[PDB]
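**Q** Structure file input-v4.cif (mmCIF, C-alpha atoms and all ligand atoms) is given on the next line.
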data_start
#
loop_
_atom_site.label_atom_id
_atom_site.label_comp_id
_atom_site.auth_asym_id
_atom_site.auth_seq_id
_atom_site.Cartn_x
_atom_site.Cartn_y
_atom_site.Cartn_z
CA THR A 1 29.64 70.23 170.79
CA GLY A 2 27.38 67.27 169.97
CA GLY A 3 25.79 69.72 167.60
CA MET A 4 25.28 72.23 170.37
CA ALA A 5 26.21 75.72 169.18
CA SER A 6 29.29 77.23 170.81
CA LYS A 7 28.84 80.12 173.20
CA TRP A 8 31.01 82.15 170.78
CA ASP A 9 29.13 81.36 167.56
CA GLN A 10 26.82 84.29 167.54
CA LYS A 11 29.79 86.60 167.98
CA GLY A 12 31.71 84.84 165.25
CA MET A 13 28.96 85.02 162.69
CA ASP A 14 28.23 88.66 163.52
CA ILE A 15 31.88 89.54 162.98
CA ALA A 16 31.95 87.55 159.73
CA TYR A 17 28.87 89.44 158.56
CA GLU A 18 30.41 92.75 159.52
CA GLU A 19 33.43 91.84 157.39
CA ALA A 20 31.20 90.86 154.47
CA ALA A 21 29.37 94.18 154.67
CA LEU A 22 32.63 96.11 154.82
CA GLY A 23 33.93 94.28 151.77
CA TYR A 24 30.66 95.03 149.98
CA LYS A 25 31.11 98.73 150.71
CA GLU A 26 34.68 98.56 149.40
CA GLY A 27 33.31 97.26 146.08
CA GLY A 28 34.32 93.65 146.63
CA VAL A 29 32.70 90.25 147.00
CA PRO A 30 30.66 90.36 150.23
CA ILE A 31 32.15 87.35 151.99
CA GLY A 32 33.55 87.72 155.47
CA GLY A 33 35.13 85.61 158.14
CA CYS A 34 36.69 85.39 161.52
CA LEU A 35 38.67 82.85 163.51
CA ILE A 36 37.91 82.47 167.21
CA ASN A 37 39.90 80.63 169.87
CA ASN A 38 37.30 78.29 171.40
CA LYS A 39 39.20 78.20 174.72
CA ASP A 40 38.65 81.86 175.61
CA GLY A 41 36.55 83.42 172.82
CA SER A 42 39.40 85.54 171.59
CA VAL A 43 39.08 86.73 167.97
CA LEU A 44 42.39 85.72 166.41
CA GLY A 45 41.63 87.56 163.17
CA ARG A 46 38.91 88.69 160.81
CA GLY A 47 38.85 89.40 157.11
CA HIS A 48 36.93 89.52 153.88
CA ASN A 49 37.37 88.65 150.22
CA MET A 50 40.01 90.94 148.66
CA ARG A 51 39.77 89.93 145.02
CA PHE A 52 38.71 93.36 143.85
CA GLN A 53 40.41 95.38 146.57
CA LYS A 54 43.83 93.85 145.99
CA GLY A 55 43.59 92.18 142.57
CA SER A 56 43.87 88.93 144.48
CA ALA A 57 43.25 85.45 143.14
CA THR A 58 43.68 83.81 146.54
CA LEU A 59 42.29 86.18 149.19
CA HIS A 60 38.87 84.67 149.57
CA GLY A 61 37.19 85.68 152.84
CA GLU A 62 38.39 82.60 154.63
CA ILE A 63 41.96 82.94 153.32
CA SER A 64 42.10 86.63 154.16
CA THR A 65 40.85 85.82 157.63
CA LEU A 66 43.63 83.30 158.11
CA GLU A 67 46.20 85.71 156.68
CA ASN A 68 45.03 88.36 159.11
CA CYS A 69 45.53 86.04 162.08
CA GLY A 70 49.24 85.94 161.26
CA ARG A 71 51.64 83.07 161.76
CA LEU A 72 50.44 80.82 164.58
CA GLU A 73 51.59 77.69 166.33
CA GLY A 74 49.78 74.81 164.76
CA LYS A 75 48.16 73.74 167.99
CA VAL A 76 46.34 77.05 168.25
CA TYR A 77 44.18 76.21 165.26
CA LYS A 78 43.13 72.84 166.73
CA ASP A 79 40.76 74.58 169.13
CA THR A 80 39.38 77.30 166.93
CA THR A 81 36.26 77.91 164.91
CA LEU A 82 36.36 79.51 161.49
CA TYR A 83 33.25 81.56 160.74
CA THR A 84 32.49 82.24 157.09
CA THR A 85 29.42 84.01 155.76
CA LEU A 86 29.39 81.71 152.72
CA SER A 87 29.92 77.96 152.50
CA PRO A 88 33.58 77.42 151.65
CA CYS A 89 34.88 76.70 148.21
CA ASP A 90 37.32 73.88 147.72
CA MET A 91 40.29 76.17 148.40
CA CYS A 92 39.05 77.53 151.68
CA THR A 93 37.89 74.07 152.66
CA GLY A 94 41.42 72.95 152.07
CA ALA A 95 42.81 75.67 154.31
CA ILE A 96 40.49 74.61 157.14
CA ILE A 97 41.59 71.03 156.67
CA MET A 98 45.29 71.81 156.46
CA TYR A 99 45.30 73.73 159.72
CA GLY A 100 42.98 71.30 161.44
CA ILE A 101 40.45 73.93 162.41
CA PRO A 102 37.83 71.63 163.93
CA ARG A 103 34.68 73.69 163.36
CA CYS A 104 33.47 75.67 160.40
CA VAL A 105 30.38 77.78 161.02
CA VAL A 106 28.76 78.84 157.75
CA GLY A 107 26.37 81.71 157.28
CA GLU A 108 24.58 80.18 154.32
CA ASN A 109 24.97 77.69 151.53
CA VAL A 110 22.04 78.76 149.34
CA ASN A 111 23.94 81.12 147.05
CA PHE A 112 26.91 78.75 146.81
CA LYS A 113 28.00 75.35 148.06
CA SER A 114 30.99 73.33 146.91
CA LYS A 115 31.90 69.72 147.51
CA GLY A 116 34.05 71.13 150.28
CA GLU A 117 31.14 71.43 152.72
CA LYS A 118 30.76 67.68 152.79
CA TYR A 119 34.47 67.00 152.42
CA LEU A 120 35.02 68.83 155.68
CA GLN A 121 32.67 66.28 157.27
CA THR A 122 34.45 63.36 155.62
CA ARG A 123 37.70 64.74 157.06
CA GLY A 124 36.29 64.86 160.59
CA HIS A 125 35.34 68.50 160.94
CA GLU A 126 32.10 69.88 162.28
CA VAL A 127 30.13 71.98 159.81
CA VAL A 128 27.36 74.20 161.07
CA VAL A 129 25.10 75.97 158.60
CA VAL A 130 23.25 78.80 160.31
CA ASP A 131 21.17 79.93 157.33
CA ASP A 132 21.77 83.58 158.22
CA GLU A 133 19.50 85.72 156.08
CA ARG A 134 21.73 88.77 156.42
CA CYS A 135 24.51 86.91 154.71
CA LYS A 136 22.24 85.43 152.12
CA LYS A 137 20.78 88.77 151.13
CA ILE A 138 24.08 90.57 150.67
CA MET A 139 25.62 87.77 148.69
CA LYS A 140 22.51 87.45 146.51
CA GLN A 141 22.69 91.17 145.81
CA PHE A 142 26.27 90.83 144.60
CA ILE A 143 25.53 87.88 142.40
CA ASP A 144 22.53 89.65 140.92
CA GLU A 145 24.46 92.74 140.00
CA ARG A 146 27.90 91.34 139.18
CA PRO A 147 27.45 87.76 138.05
CA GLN A 148 30.61 87.57 135.96
CA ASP A 149 32.69 88.89 138.87
CA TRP A 150 31.11 86.25 141.09
CA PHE A 151 31.88 83.56 138.54
CA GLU A 152 35.49 84.74 138.48
CA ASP A 153 35.70 84.45 142.26
CA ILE A 154 34.76 80.74 142.07
CA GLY A 155 36.87 79.97 139.03
CA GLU A 156 34.11 79.73 136.42
CA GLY B 1 41.23 57.41 146.88
CA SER B 2 40.78 54.82 144.18
CA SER B 3 42.69 51.70 143.32
CA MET B 4 42.41 52.72 139.69
CA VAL B 5 44.32 55.98 139.92
CA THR B 6 47.35 56.26 137.73
CA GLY B 7 50.02 58.92 137.33
CA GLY B 8 49.55 61.19 134.36
CA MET B 9 51.65 61.36 131.22
CA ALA B 10 54.59 63.70 130.78
CA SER B 11 54.13 67.02 129.02
CA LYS B 12 56.61 68.75 126.78
CA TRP B 13 56.69 71.66 129.26
CA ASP B 14 57.62 69.73 132.39
CA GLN B 15 61.29 70.32 132.39
CA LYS B 16 60.65 74.02 131.98
CA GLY B 17 57.97 74.08 134.64
CA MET B 18 59.92 72.17 137.25
CA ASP B 19 63.06 74.18 136.56
CA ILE B 20 61.15 77.41 137.16
CA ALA B 21 59.51 75.98 140.29
CA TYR B 22 62.90 74.87 141.59
CA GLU B 23 64.47 78.27 140.90
CA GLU B 24 61.65 79.80 142.91
CA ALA B 25 62.25 77.35 145.74
CA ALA B 26 65.98 78.15 145.77
CA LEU B 27 65.28 81.87 145.73
CA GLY B 28 62.93 81.50 148.66
CA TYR B 29 65.57 79.45 150.49
CA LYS B 30 68.12 82.23 149.99
CA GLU B 31 65.61 84.74 151.33
CA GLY B 32 65.32 82.73 154.56
CA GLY B 33 62.00 81.06 153.68
CA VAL B 34 60.60 77.61 153.17
CA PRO B 35 62.13 76.32 149.91
CA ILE B 36 58.94 75.54 147.99
CA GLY B 37 58.35 77.02 144.57
CA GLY B 38 55.81 76.89 141.83
CA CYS B 39 54.68 78.12 138.46
CA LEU B 40 51.52 77.90 136.38
CA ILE B 41 51.96 77.09 132.67
CA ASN B 42 49.55 76.97 129.79
CA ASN B 43 49.69 73.41 128.45
CA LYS B 44 49.04 74.49 124.87
CA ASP B 45 51.88 76.94 124.33
CA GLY B 46 54.17 76.69 127.36
CA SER B 47 53.56 80.20 128.47
CA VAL B 48 54.19 81.02 132.12
CA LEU B 49 51.15 82.63 133.74
CA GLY B 50 53.03 83.22 136.96
CA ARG B 51 55.57 81.87 139.39
CA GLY B 52 56.13 82.10 143.13
CA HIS B 53 57.47 80.60 146.30
CA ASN B 54 56.41 80.21 149.91
CA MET B 55 56.31 83.60 151.63
CA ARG B 56 55.57 82.53 155.20
CA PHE B 57 58.82 83.95 156.62
CA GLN B 58 59.26 86.78 154.09
CA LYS B 59 55.81 88.20 154.64
CA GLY B 60 54.63 86.74 157.97
CA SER B 61 52.08 84.83 155.93
CA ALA B 62 49.88 81.96 157.01
CA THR B 63 48.49 81.46 153.52
CA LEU B 64 51.26 82.10 150.99
CA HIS B 65 52.44 78.60 150.41
CA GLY B 66 54.36 78.23 147.19
CA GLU B 67 51.31 77.18 145.23
CA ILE B 68 49.15 79.97 146.65
CA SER B 69 51.88 82.55 145.99
CA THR B 70 52.13 81.26 142.44
CA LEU B 71 48.41 81.72 141.92
CA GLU B 72 48.51 85.15 143.51
CA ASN B 73 51.29 86.20 141.17
CA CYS B 74 49.23 85.10 138.15
CA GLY B 75 46.71 87.77 139.07
CA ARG B 76 42.96 87.83 138.49
CA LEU B 77 42.02 85.61 135.56
CA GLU B 78 38.89 84.49 133.81
CA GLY B 79 38.03 80.99 135.02
CA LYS B 80 38.53 79.59 131.56
CA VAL B 81 42.20 80.60 131.61
CA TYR B 82 43.02 77.95 134.20
CA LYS B 83 41.33 75.03 132.46
CA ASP B 84 44.25 73.73 130.36
CA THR B 85 47.18 74.59 132.63
CA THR B 86 49.62 72.74 134.80
CA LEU B 87 50.58 73.91 138.26
CA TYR B 88 54.19 72.93 138.92
CA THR B 89 55.06 72.66 142.60
CA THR B 90 58.37 71.51 144.01
CA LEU B 91 56.57 69.77 146.90
CA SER B 92 53.44 67.65 146.93
CA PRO B 93 50.60 69.96 147.82
CA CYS B 94 49.04 70.23 151.24
CA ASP B 95 45.28 70.13 151.60
CA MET B 96 45.06 73.90 151.17
CA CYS B 97 47.01 74.11 147.94
CA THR B 98 45.20 71.04 146.67
CA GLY B 99 41.97 72.89 147.32
CA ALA B 100 43.18 75.90 145.32
CA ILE B 101 44.03 73.71 142.34
CA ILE B 102 40.59 72.11 142.59
CA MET B 103 38.71 75.36 142.99
CA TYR B 104 40.22 76.91 139.87
CA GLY B 105 39.93 73.73 137.87
CA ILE B 106 43.65 73.59 137.11
CA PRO B 107 43.52 70.17 135.56
CA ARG B 108 47.12 69.01 136.04
CA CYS B 109 49.64 69.19 138.83
CA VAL B 110 53.30 68.23 138.48
CA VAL B 111 54.99 67.58 141.79
CA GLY B 112 58.72 67.80 142.36
CA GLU B 113 58.69 65.23 145.14
CA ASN B 114 56.52 63.70 147.81
CA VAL B 115 59.24 62.13 149.95
CA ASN B 116 59.64 64.97 152.42
CA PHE B 117 55.88 65.62 152.58
CA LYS B 118 52.67 64.22 151.20
CA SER B 119 49.11 65.05 152.26
CA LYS B 120 45.79 63.47 151.34
CA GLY B 121 45.66 66.12 148.66
CA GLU B 122 47.80 64.28 146.16
CA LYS B 123 45.22 61.50 145.88
CA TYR B 124 42.25 63.80 146.35
CA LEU B 125 43.35 65.69 143.25
CA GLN B 126 42.94 62.48 141.31
CA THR B 127 39.58 61.67 142.97
CA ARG B 128 38.40 65.09 141.85
CA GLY B 129 39.52 64.58 138.24
CA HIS B 130 42.96 66.17 138.09
CA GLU B 131 46.10 64.62 136.63
CA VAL B 132 49.07 64.30 138.98
CA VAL B 133 52.65 63.54 138.00
CA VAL B 134 55.40 63.09 140.57
CA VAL B 135 58.80 63.58 139.03
CA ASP B 136 61.01 62.82 142.10
CA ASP B 137 63.34 65.73 141.42
CA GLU B 138 66.51 65.35 143.46
CA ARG B 139 67.15 69.06 143.74
CA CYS B 140 63.76 69.55 145.31
CA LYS B 141 64.21 66.67 147.68
CA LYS B 142 67.62 67.95 148.79
CA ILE B 143 66.62 71.50 149.54
CA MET B 144 63.45 70.56 151.40
CA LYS B 145 65.20 67.88 153.42
CA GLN B 146 67.79 70.47 154.41
CA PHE B 147 65.12 72.94 155.52
CA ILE B 148 63.27 70.34 157.57
CA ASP B 149 66.53 69.22 159.16
CA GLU B 150 67.73 72.69 160.01
CA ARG B 151 64.44 74.38 160.98
CA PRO B 152 61.99 71.65 161.97
CA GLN B 153 59.70 73.89 164.01
CA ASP B 154 59.40 76.37 161.16
CA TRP B 155 58.49 73.52 158.84
CA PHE B 156 55.89 72.24 161.28
CA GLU B 157 54.38 75.69 161.40
CA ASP B 158 54.13 75.74 157.60
CA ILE B 159 52.04 72.55 157.66
CA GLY B 160 49.95 73.51 160.66
CA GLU B 161 51.48 71.10 163.15
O1 LIG C 201 35.57 84.55 149.38
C1 LIG C 201 34.98 83.46 149.01
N1 LIG C 201 34.68 83.31 147.73
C2 LIG C 201 33.96 82.13 147.37
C3 LIG C 201 33.71 81.17 148.22
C4 LIG C 201 34.14 81.24 149.62
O2 LIG C 201 35.17 80.22 149.93
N2 LIG C 201 34.71 82.55 149.92
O1 LIG C 202 54.52 76.08 150.53
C1 LIG C 202 54.08 74.90 150.84
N1 LIG C 202 54.14 74.48 152.10
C2 LIG C 202 53.69 73.16 152.38
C3 LIG C 202 53.17 72.37 151.45
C4 LIG C 202 53.00 72.82 150.07
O2 LIG C 202 51.56 72.90 149.75
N2 LIG C 202 53.58 74.14 149.89
CA CA C 203 33.41 85.57 132.49
CA CA C 204 43.64 62.86 130.93
ZN ZN C 205 37.03 80.13 149.09
ZN ZN C 206 50.21 74.18 150.63
#
Here is a file; write its structure as structure tokens.

**A**
Amino acid sequence: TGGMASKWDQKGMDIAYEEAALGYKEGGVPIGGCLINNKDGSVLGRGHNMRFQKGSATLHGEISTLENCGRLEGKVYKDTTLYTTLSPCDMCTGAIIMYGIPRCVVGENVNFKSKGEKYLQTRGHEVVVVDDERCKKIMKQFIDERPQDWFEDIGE
Amino acid sequence: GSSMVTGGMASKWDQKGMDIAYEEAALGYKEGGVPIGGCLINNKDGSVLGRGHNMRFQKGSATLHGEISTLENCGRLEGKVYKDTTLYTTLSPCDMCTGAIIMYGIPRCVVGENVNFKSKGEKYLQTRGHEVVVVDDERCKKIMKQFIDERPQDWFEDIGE
């Protein structure tokens, strides 16, 4: 990219936001994601945080997105972008790193940012922060109303 | 990582923790899965918060590595509950599982072996302030070597290659 946005990035972030809004409406943490094949723009999967929905300690948005893509040949991930409405925690960062997903496009990092955002860069990934106000507003709403649930979701 | 890293001390619960992790790995192996198991133990009293094994083949899962399945099986917990625990894993954690340990602040990780696999995560745990102990458990090494030998492409899939 050279820092150029991808032709698929608007689509990816819109899907991630749709997933965040759906999870909000389900009574969960409003964090959504999607994984797009950069070669053809195909959406390999989409998901949102399922902590409340499933009683899940590991289904963050990014993890649920990856789960929803199913088992894949490792090479597939090497030319994908993971879209996440919120800057990834250390766990989801680790997932991106493990699979070698080269680009992580982040809705916002104002309500939350871990050391993972920079660690992705150290590990050779491209991180794009869009500063999407849709994402920021829904996440801020959740934190305002359910702070202890939010803290649980990031292990505090 | 740092030149000044050092392996952590043993805990009175390590035999218990690695034996549970290994039993989980062997159960997963019998189920047709990747033989990697784990458990999470409270360092103060030895209680087992949860245990699990890799569920990639059992569940068609791209995220349920042994360590992730272990954490899932522990359920939702207050953040504080993790902060004096050990995660036992039969295999040195990949970057994903490392990240889970870091995110929850699980301060100690005991690793069955890192001969068959080792990621940057083992050292990154230490960089980030976590204790790591590698016990070089022969049972763990044997079962993982067998899996990699017999099903190499399935193993590569499990580590994203
Ligand atoms: O679902 C999520 N919770 C917290 C942070 C981010 O990784 N995603
Ligand atoms: O289940 C696992 N697969 C690979 C590595 C380790 O993190 N665990
Ligand atoms: Ca609390
Ligand atoms: Ca110490
Ligand atoms: Zn996360
Ligand atoms: Zn792993």

**Q** Using all atoms listed in the file, find each residue in chain B having at least one atom no more than 9 Å away from ligand CA 203 (chain C); report its shortest atom-to-atom pair and that distance in Å (one decimal), rows by chain then rising number, as JSON lines.

**A**
{"residue": "B:78", "atom": "CA", "partner": "C:CA203", "partner_atom": "CA", "distance": 5.7}
{"residue": "B:79", "atom": "CA", "partner": "C:CA203", "partner_atom": "CA", "distance": 7.0}
{"residue": "B:80", "atom": "CA", "partner": "C:CA203", "partner_atom": "CA", "distance": 7.9}

**Q** Enter the distance from atom CA of residue 48 of chain B to atom CA of residue 70 of chain A, in Å, rounded to one decimal.

**A**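 Computing it gives 30.0 Å between the two atoms.
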
**Q** Just need the residues of chain A within 9 Å of chain B, counting all atoms listed in the file, so spit them out as a ChimeraX atom specification.

**A** /A:51-52,55-59,63-64,66-75,77,89-100,114,116,151-156

**Q** In Å to one decimal, how far is atom CA of residue 142 of chain A from atom CA of residue 10 of chain A?

**A**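 Here the two named atoms are 23.9 Å from each other.
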
**Q** Dump the neighbourhood of ligand CA 204 (chain C) as a PyMOL selection string: all residues within 9 Å, distances computed on all atoms listed in the file.

**A** chain B and resi 8-9+107-108+129-131

**Q** Give as a JSON list (two decimals) with C-alpha atoms, keeping the file's coordinate frame each residue that has an atom at most 12 Å from (29.9, 74.6, 171.6) in the file, counting all atoms listed in the file.

**A**
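Now in selection.json:
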[["chain", "number", "residue", "atom", "x", "y", "z"],
["A", 1, "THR", "CA", 29.64, 70.23, 170.79],
["A", 2, "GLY", "CA", 27.38, 67.27, 169.97],
["A", 3, "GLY", "CA", 25.79, 69.72, 167.60],
["A", 4, "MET", "CA", 25.28, 72.23, 170.37],
["A", 5, "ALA", "CA", 26.21, 75.72, 169.18],
["A", 6, "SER", "CA", 29.29, 77.23, 170.81],
["A", 7, "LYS", "CA", 28.84, 80.12, 173.20],
["A", 8, "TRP", "CA", 31.01, 82.15, 170.78],
["A", 9, "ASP", "CA", 29.13, 81.36, 167.56],
["A", 10, "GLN", "CA", 26.82, 84.29, 167.54],
["A", 37, "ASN", "CA", 39.90, 80.63, 169.87],
["A", 38, "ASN", "CA", 37.30, 78.29, 171.40],
["A", 39, "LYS", "CA", 39.20, 78.20, 174.72],
["A", 41, "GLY", "CA", 36.55, 83.42, 172.82],
["A", 79, "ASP", "CA", 40.76, 74.58, 169.13],
["A", 80, "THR", "CA", 39.38, 77.30, 166.93],
["A", 81, "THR", "CA", 36.26, 77.91, 164.91],
["A", 102, "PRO", "CA", 37.83, 71.63, 163.93],
["A", 103, "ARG", "CA", 34.68, 73.69, 163.36],
["A", 104, "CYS", "CA", 33.47, 75.67, 160.40],
["A", 105, "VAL", "CA", 30.38, 77.78, 161.02],
["A", 126, "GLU", "CA", 32.10, 69.88, 162.28],
["A", 128, "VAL", "CA", 27.36, 74.20, 161.07]]
